[PDB]
Every structure is written in C-alpha cells, then in structure tokens.
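Asker: Pasting in a structure now, in structure tokens, and then I'll have a few things to ask.
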Amino acid sequence: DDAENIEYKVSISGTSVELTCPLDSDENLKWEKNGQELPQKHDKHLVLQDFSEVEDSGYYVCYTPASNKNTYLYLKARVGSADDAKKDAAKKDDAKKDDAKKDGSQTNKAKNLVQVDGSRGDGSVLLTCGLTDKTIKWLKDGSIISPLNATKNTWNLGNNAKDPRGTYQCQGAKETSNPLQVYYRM
C-alpha cells in the first residue's frame with residue numbers, strides 16, 4: 001500500500017555496486033546472495049564495494065520480519081578502477097500502487113526454480129522459466145514478448161556481453177514467476 005513499490009535498483013559507484021531493495025530498512029532487514037546470506041544488513045540499499053562477477057555471479061533478495069515476501073533478482077556485473085563514467089540524472093514518473101495485488105493474487109511461492117543461461121559456448125543468454133512446466137510464456141513490462149527462435153523453456157536475451165538487461169516475468173502452465181531482474185555486464 002505505502003512506501004515504494006518498484007523493482008531492485010542497481011548502480012555502480014566507484015568500483016562499488018549499490019542495490020536498492022523495495023523494503024524500508026528495518027532493525028531486522030536481511031539480504032541474500034545466491035546461496036550465501038548477508039546478515040547484519042539493516043539497510044534498504046545493499047552496497048557491494050569492489051564487485052567481482054566471478055565471486056558474485058547469482059541472484060539477490062531482500063526481506064524483513066514483518067515482510068516474508070521477497071523477490072529474487074539476478075545480479076551479475078563487473079567493475080574496475082572505479083569505472084566512474086557519469087551515472088547521474090533521474091527523473092520522477094508516476095508509480096504509486098499497481099493493479100492486481102489486494103485481491104489475494106498469487107505471488108508467494110518462489111524459492112529457486114527459475115534459471116538463466118549465459119555461457120552456452122558462443123556467449124548467448126537463455127532465460128529459462130515455467131518451473132518444470134510443459135508450457136512457458138514470458139512478458140515484458142506487462143506486455144507479452146515472443147522470440148524468433150522458439151521458446152524451448154528458454155528466452156532469447158542476447159550476447160551476455162551486451163544484451164540481457166531488464167525485468168522479465170514468466171507464466172507457466174500452473175506456475176507463474178515474477179519479473180526476473182537480469183542484470184548482465186554492460
């Protein structure tokens with residue numbers, strides 16, 4: 001109802017990575033990284049000083065005691081010598097409460113079923129979804145987006161080097177996943 005309701009926001013600052021969680025910084029807020037979890041993180045924005053894709057290639061999450069519902073985001077990037085360019089400016093658009101949510105909409109069951117590809121030999125990224133479903137569909141910003149190479153449980157994102165970058169939601173036969181934040185090297 002109240003507070004922000006946007007997706008995770010990533011921003012690299014001086015070889016550091018600053019992520020923004022959609023949950024106020026409570027005195028019990030925690031973060032997670034793929035398999036390991038970062039405790040004592042009572043901050044809304046998680047910082048990653050000296051980012052390393054090799055040691056930091058997976059997903060991320062944020063949740064609080066009162067908030068047992070969190071979304072799994074994909075964090076994968078690289079930094080070096082504070083590749084500080086000019087990441088500034090940030091307009092303000094309309095974004096206060098969305099539709100379909102207060103009607104007991106399905107959006108809880110989501111541990112780690114979705115997967116994505118990146119190193120397929122050529123360097124192509126294939127986002128997989130459906131969750132063991134024989135049927136899978138992907139949507140972008142609330143609009144369906146089909147591929148030009150079929151949807152064999154995967155999604156055509158492009159050359160990991162510079163292609164995958166954005167949120168993508170999927171819908172399986174009886175299992176629909178939330179907008180996956182695929183943040184790859186830019």
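FYI, nothing fancy with the structure tokens labels: chains A, B, ... in order, residues from 1 per chain, ligands from 1 as they appear.
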Need the shell around residue 150 in chain A: protein/DNA/RNA residues with any atom at most 12 Å away, counting only C-alpha atoms. Skip same-chain ones fewer than 6 positions apart. Format as a list in words?
Answerer: residues 126, 136, 137, 138 and 156 of chain A
Asker: Determine, counting only C-alpha atoms, which protein, DNA and RNA residues have an atom within 7 Å of an atom of residue 61 in chain A; residues of the same chain fewer than 4 positions away are not included. Present the result as a ChimeraX atom specification.
Answerer: /A:31-33,70-73
Asker: Closest to residue 66 in chain A among A:36, A:106, A:25, A:177, using only C-alpha atoms?
Answerer: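 Checking each of A:36, A:106, A:25, A:177 against residue 66 in chain A, counting only C-alpha atoms, the winner is A:25.
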Asker: Nearest residue to residue 113 in chain A out of A:51, A:88, A:59, A:76, using only C-alpha atoms?
Answerer: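 The closest residue to residue 113 in chain A is A:59.
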Asker: So that I can check the surroundings of residue 80 in chain A, please list as a PDB file with C-alpha atoms, in the first residue's frame every protein, DNA and RNA residue that reaches within 7 Å of it, counting only C-alpha atoms and ignoring chain neighbours fewer than 2 positions away.
Answerer:
ATOM      1  CA  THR A  15      34.029   0.179  -8.419  1.00  0.00           C
ATOM      2  CA  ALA A  82      36.232   2.845 -10.383  1.00  0.00           C
ATOM      3  CA  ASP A  83      34.978   2.881 -13.961  1.00  0.00           C
TER       4      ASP A  83
END
Asker: For CA of residue 84 in chain A and CA of residue 11 in chain A, quote the distance in Å rounded to one decimal.
Answerer: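 CA of residue 11 in chain A lies 10.8 Å from CA of residue 84 in chain A.
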Asker: Quick one, how far is CA of residue 133 in chain A from CA of residue 21 in chain A?
Answerer: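 Distance reported for this atom pair: 29.5 Å.
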Asker: Rounded to one decimal place, report the CA of residue 5 in chain A-CA of residue 22 in chain A distance in Å.
Answerer: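 If I compute the distance from CA of residue 5 in chain A to CA of residue 22 in chain A, I get 6.1 Å.
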Asker: Name the residues of range 46-159 of chain A that fall into strand (DSSP E) according to DSSP on the backbone, using the chain letters and numbers of this document, as number ranges by chain.
Answerer: A: 46-49, 58-63, 73-75, 115-116, 124-128, 136-140, 143-144, 156-159
Asker: Using only C-alpha atoms, pick whichever of A:176, A:20, A:167, A:105 has the shortest atom-to-atom distance to residue 4 in chain A.
Answerer: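 Closest candidate: A:20.
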Asker: For a quick check of understanding, using only C-alpha atoms, which of A:141, A:6, A:52, A:41 has the smallest distance to residue 93 in chain A?
Answerer: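 For residue 93 in chain A, the nearest of the candidates is A:6.
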Asker: Measuring atom to atom with only C-alpha atoms, identify which of A:134, A:86, A:69, A:120 is nearest to residue 172 in chain A.
Answerer: A:134
Asker: Compare A:142, A:40, A:48, A:148 by their minimum atom-to-atom distance to residue 99 in chain A, counting only C-alpha atoms, and give me the closest one.
Answerer: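 Closest to residue 99 in chain A, using only C-alpha atoms: A:142.
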Asker: I'd like the neighbourhood of residue 139 in chain A as number ranges by chain, where a residue qualifies if any of its atoms comes within 9 Å (using only C-alpha atoms), though same-chain residues fewer than 3 positions away should be ignored.
Answerer: A: 142-146, 168-171, 179
Asker: Using only C-alpha atoms, please write the residues we just selected to a file, as a CSV table (one decimal), in the first residue's frame.
Answerer:
chain,number,residue,atom,x,y,z
A,142,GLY,CA,3.2,-6.2,-18.7
A,143,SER,CA,3.3,-6.9,-22.4
A,144,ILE,CA,3.9,-10.4,-23.9
A,145,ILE,CA,7.2,-10.7,-25.9
A,146,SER,CA,7.7,-13.8,-28.0
A,168,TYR,CA,11.1,-10.2,-17.3
A,169,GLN,CA,8.1,-12.0,-15.9
A,170,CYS,CA,7.0,-15.5,-17.0
A,171,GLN,CA,3.9,-17.6,-16.7
A,179,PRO,CA,9.7,-10.2,-13.2
Asker: Write out as a ChimeraX atom specification each polymer residue whose atoms come within 10 Å of residue 65 in chain A, counting only C-alpha atoms; drop sequence neighbours fewer than 5 positions from it.
Answerer: /A:26-30
